[PDB]
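Chains as they are written, first to last, in UniProt numbering: chain Z, 11 to 49; chain R, 35 to 253, 264 to 480; chain P, 2 to 63. Think of the CB as a built atom: it goes at the ideal place given N, C-alpha and C, for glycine as much as any other residue. Here's the structure we're looking at; comments come further down.
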Amino acid sequence: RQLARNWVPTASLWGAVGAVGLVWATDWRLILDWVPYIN
Amino acid sequence: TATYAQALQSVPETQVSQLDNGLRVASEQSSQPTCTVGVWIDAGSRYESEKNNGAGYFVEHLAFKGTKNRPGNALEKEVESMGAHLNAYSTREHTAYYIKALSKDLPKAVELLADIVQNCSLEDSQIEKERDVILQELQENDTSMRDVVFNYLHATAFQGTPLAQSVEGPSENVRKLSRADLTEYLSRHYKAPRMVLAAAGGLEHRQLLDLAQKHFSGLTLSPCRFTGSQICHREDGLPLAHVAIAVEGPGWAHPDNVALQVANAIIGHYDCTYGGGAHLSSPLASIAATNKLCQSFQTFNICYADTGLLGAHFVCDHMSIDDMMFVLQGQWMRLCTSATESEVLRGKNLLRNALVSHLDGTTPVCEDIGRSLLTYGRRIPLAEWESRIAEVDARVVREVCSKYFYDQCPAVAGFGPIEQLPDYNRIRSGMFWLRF
Amino acid sequence: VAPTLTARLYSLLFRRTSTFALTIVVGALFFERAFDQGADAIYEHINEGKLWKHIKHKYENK
């Protein structure tokens, strides 16, 4: 039509997931310490 | 004229009157030569004890066996003298005694009727006769599988509540039953305000109440537990296996009860015998005709005082069971998220039609009042129902169904040859999508 | 009467499986940052002066 229903907010979270995931993985960008990260 | 907006406007309105001892009076004038004369009583099995179980049911037959002033079979020989049909029936939450008649001889009718309500001949001649027929019928009752599974259905959800119990009650009680205990329940719940009276026809309100005419009317419940569970009667001989599945819902009086009226109408129903074929709009009636995954099914709603029942009842091949299901969870689940306002409309229209449809005819008009009184009181918010219809929204239905469907504990009833039917633990995981 | 955090929590998070999934990584992150940081102390608490971390101070940069 196109009506994209709660899929929109749904999907909104999803990308955030594995993005964090790769961030959780190892990635490149450090991540300003923010609770202790070793020196 | 007839124009839908104006069509709501001109109707004979709800009437009400109240006598002293708790009797209710009410009416509507249909400008008709005939009148449905009826009575509705809220005394339930949910009132009935463990011996009283099925007694009122047994009682139900008895009234017409003769009464105090009118011994055996002197009762109807006056009734059919007029040529007026007569009928009575009962229910877990209600009992309705009623008459369909010409407005002329009504002065007898209620007076005939009033006699019956309380004055009764309790005669073990009829008792044993009726004690037998019921017993005779008790066993015969295995012939219609429909009613059968529902009995299982309640008992599995409402276990531990008088609501969960057989209407006719277990058998042995009927033998053990004695008409004194009746006289109890006769005396107990047949008082007013429990009693309620209504009628519709050429009858005007006051010409009802005046001839409501001095006779008499009269001088406990609990919220029920809801059981995530399963029941199965496995018998593989039979050709087909019914299924019922449901979750509990709001009572009679509750806002959302109407909001969920449409979701059913939208998801609709299918049967072997339609001429609709595979081009119907209902995804179910499309597929279930396409691959004939079932013989037929229909969805129900039953809202108790405090409770409500939403689910369907289907019949499918002993090898076709799974696939009906995996479909059926599709529809409910997809509604809760991805539904759309278009299909809302097609649902919206239907319920308007069905609403307006049932409203024709003396008795049904007469009949609404009694429960409605026992339910919402006088309220027959006819034109309001329309306004009520305008209330429902896309978010509404989603937001409503989100409550009562997504990630819940469903009830499962079954009747053989079930075996294919997956274990609960599938159905449960199958309630909540994983986003698929 | 207020709901126990449980009644809050599902309604808040566990209801939508994404969220239910989402939080999982989230705490798991903060978890390890703190978690490993604790055990090593406990570890090195247990072994005192057996490790250069304690020992090497004797001779480290002279």
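Within the segment 3–35 of chain P, the residues whose Cβ lies closer than 8 angstroms to some Cβ of chain R are 16, 18 and 19, listed in chain order. Taking a Cβ-Cβ cut-off of 9 angstroms, the neighbours of residue 381 (chain R) in chain Z comprise 15, 16, 17 and 20, given in sequence order. Not a single C-beta of chain Z is nearer than 8 angstroms to the C-beta of residue 390 (chain R). Secondary structure note for residue 25 (chain Z): its alpha helix (DSSP H) is the uninterrupted segment 17–35. Secondary structure of residue 71 (chain R) (DSSP, three-state): strand.
Comparing C-alpha distances from residue 252 (chain R) to each of R:454, R:75, R:287 and R:282 shows the shortest one belongs to R:75. Counting the other Cβ atoms within 10 Å of the Cβ of residue 376 (chain R) gives 16 or more, which makes it buried.
The CB of residue 479 (chain R) comes closer than 7 angstroms to the CB of 20 in chain Z, given here in chain order. Here the alpha carbon of residue 211 (chain R) sits roughly 27 angstroms from the alpha carbon of residue 179 (chain R).
The C-beta of residue 11 (chain Z) has fewer than 16 other C-beta atoms within 10 Å across all chains shown, which makes the residue exposed.
Ranked by Cα distance from residue 438 (chain R), the first of R:462, R:390 and R:401 is R:390.
Between residue 285 (chain R) and residue 449 (chain R), the C-beta spacing is not below 8 angstroms. A direct Cα-to-Cα measurement between residue 214 (chain R) and residue 315 (chain R) gives close to 48 angstroms. Beyond the five residues adjoining it in sequence on each side, residue 106 (chain R) comes within less than 8 angstroms, by CB distance, of 99, 100, 155, 157, 159 and 160 in the same chain, given in chain order. Scanning the segment 370–429 of chain R for uninterrupted beta strand (DSSP E) segments of 3 residues or longer gives nothing; none is fully contained. Collapsing the DSSP output to three states places residue 179 (chain R) in a helix. As summarised for the segment 274–331 of chain R, the continuous alpha helix (DSSP H) elements at least 4 residues long and confined to that stretch are 300–311, given in chain order.
By alpha-carbon distance to residue 55 (chain R), the top candidate from R:444, R:248, R:366 and R:388 is R:248. Residues of chain P with a Cβ closer than 9 angstroms to the Cβ of residue 23 (chain Z) are, in chain order, 17, 19, 20, 22 and 23. By the C-beta criterion, the segment 377–397 of chain R is judged not to be in contact with the segment 353–368 of chain R, since fewer than 3 inter-stretch pairs fall below 8 angstroms. Any Cβ of chain P closer than 8 angstroms to the Cβ of residue 34 (chain Z) would place that residue at the interface, and such an atom is present. In this structure, R:63 is the residue among R:201, R:63 and R:190 with its C-alpha nearest to the C-alpha of residue 410 (chain R).
For residue 447 (chain R), no beta strand (DSSP E) segment is defined; the enclosing uninterrupted segment is the alpha helix (DSSP H) at 438–448.
Here residue 190 (chain R) is near residue 273 (chain R), since their CB atoms are less than 8 angstroms apart. Less than 8 angstroms separates the beta-carbon of residue 271 (chain R) from that of residue 193 (chain R).
Three or more beta-carbon pairs separated by less than 8 angstroms link the segment 465–480 of chain R to the segment 356–373 of chain R, which places the two stretches in contact.
Here residue 122 (chain R) is bridged, per DSSP, to R:131. Boundaries of the alpha helix (DSSP H) around residue 108 (chain R): 108–116. Restricted to the segment 177–227 of chain R, not a single beta strand (DSSP E) segment is unbroken, complete and at least 3 residues in length. Annotated as distal: residue 69 (chain R) and residue 419 (chain R), with beta-carbon spacing of 8 angstroms or more. Boundaries of the alpha helix (DSSP H) around residue 241 (chain R): 239–243. In terms of Cα proximity to residue 318 (chain R), the closest of R:340, R:311, R:302 and R:300 is R:340.
Cβ-Cβ distances below 6 angstroms link residue 39 (chain Z) to nothing in the same chain once the five nearest sequence neighbours on each side are left out. The segment 3–20 of chain P and the segment 11–25 of chain Z touch, with three or more beta-carbon pairs separated by less than 8 angstroms.
Judged by pairs of C-beta atoms under 8 angstroms, the segment 128–148 of chain R touches the segment 229–245 of chain R, as three or more such pairs exist. Taking 8 angstroms as the cut-off, the Cβ atoms of residue 97 (chain R) and residue 129 (chain R) do not count as close.
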